[PDB]
């Protein structure tokens, strides 16, 4: 009624905001010349699919402040210039809270996040890097990348958790279920999960069902050489990388909802990302919880540096 049409006008004005801002970043990259791919940040400030704490809703603006901190320089480790738009642009945040606040259901909210990602991909040669937000957001992002490209992607999923519960606590959009949604829908072929150390019988059974390659930290000593020399995406249209910050031991990343000892070092993660051979078509950095971070924002710098090194990898 009056309501459904009111909701459509807020949704439409939200998509228009992303569309106009993408257009300006696309024109800016196309004007400078030569880029084959150019990382564009899209923020999805959503936390209500979280099982424990909703703090990731507040992450994307903290991440951006950390990327540009006066304490850092603008060069990535392998020497890309983050001030160059062909390396990194930013189309801003999906207005999630404003959409929820007007009574929009999750089916439609997640549809708006997909469309938001399509708006970036439709500006050549931008490729999306999504700032979460809780891990529920990887389903509408991966769906949007798969649909746009016209086939399943191979995924590298860095996570303490496999996020492959059929329906965690009745919520099909649970942050603990988004890789079940992705695999059910035929949006991914290979799913490599690395850093896994919190998994139950359902996680293992769902892993076998979907053909997932689950690397547990209890075999990391033996798996490290293979994980520091990954080659992904041959025979599919691209590779997507999803990083839950909780792939890192809490010593490196305390600013997470799920503290799970025995994880990767920051340098372990960069060894995997730097050495990965892959046509990276998209990526996300999720589950940064600023409310659980240190008083000085150490996990914000962790999330920012992951974003920066993913941008170097995506942009070419």
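Residue numbers count along the first chain shown, from 1.
Engineer: Once you work out the mean C-alpha B-factor for both 281 to 289 and 30 to 38 from the entry, which is higher?
Structural biologist: Going by the record's values, the stretch with the higher mean is 30 to 38.
Engineer: Could you check which stretch, 300 to 308 or 9 to 17, carries the larger mean CA temperature factor in the entry?
Structural biologist: Between 300 to 308 and 9 to 17, it is 9 to 17.
Engineer: Which of these, 161, 218, 172, 204, has its C-alpha atom at the highest B-factor, as the entry lists it?
Structural biologist: Highest C-alpha B-factor among the listed options: 172.
Engineer: Select one of 167, 131, 194, 191: the residue whose C-alpha shows the highest B-factor in the crystal structure entry.
Structural biologist: Top of the list by C-alpha B-factor: 167.
Engineer: Using only modelled residues of the chain, where does the Cα B factor of residue 242 rank: lowest third, middle third or highest third?
Structural biologist: For residue 242, whose C-alpha B-factor we compare with every modelled residue in the chain, the answer is the lowest third.
Engineer: Place residue 108 in the lowest, middle or highest third of its chain's C-alpha B-factors, as listed in the PDB entry.
Structural biologist: According to the entry, residue 108 has a C-alpha B-factor in the chain's highest third.
Engineer: Tell me, lowest, middle or highest third: where does the Cα B factor of residue 231 rank within its chain?
Structural biologist: It belongs to the highest third of the chain when residues are ordered by C-alpha B-factor.
Engineer: Compare the C-alpha B factor of residue 208 with those of the other modelled residues in its chain, then answer lowest, middle or highest third.
Structural biologist: Within its chain, residue 208 is a middle-third residue by C-alpha B-factor, going by the deposited values.
Engineer: Going by what the PDB entry lists, where does residue 43 fall on CA B-factor within its chain: lowest, middle or highest third?
Structural biologist: Answer is middle: the recorded C-alpha B-factor places it there.
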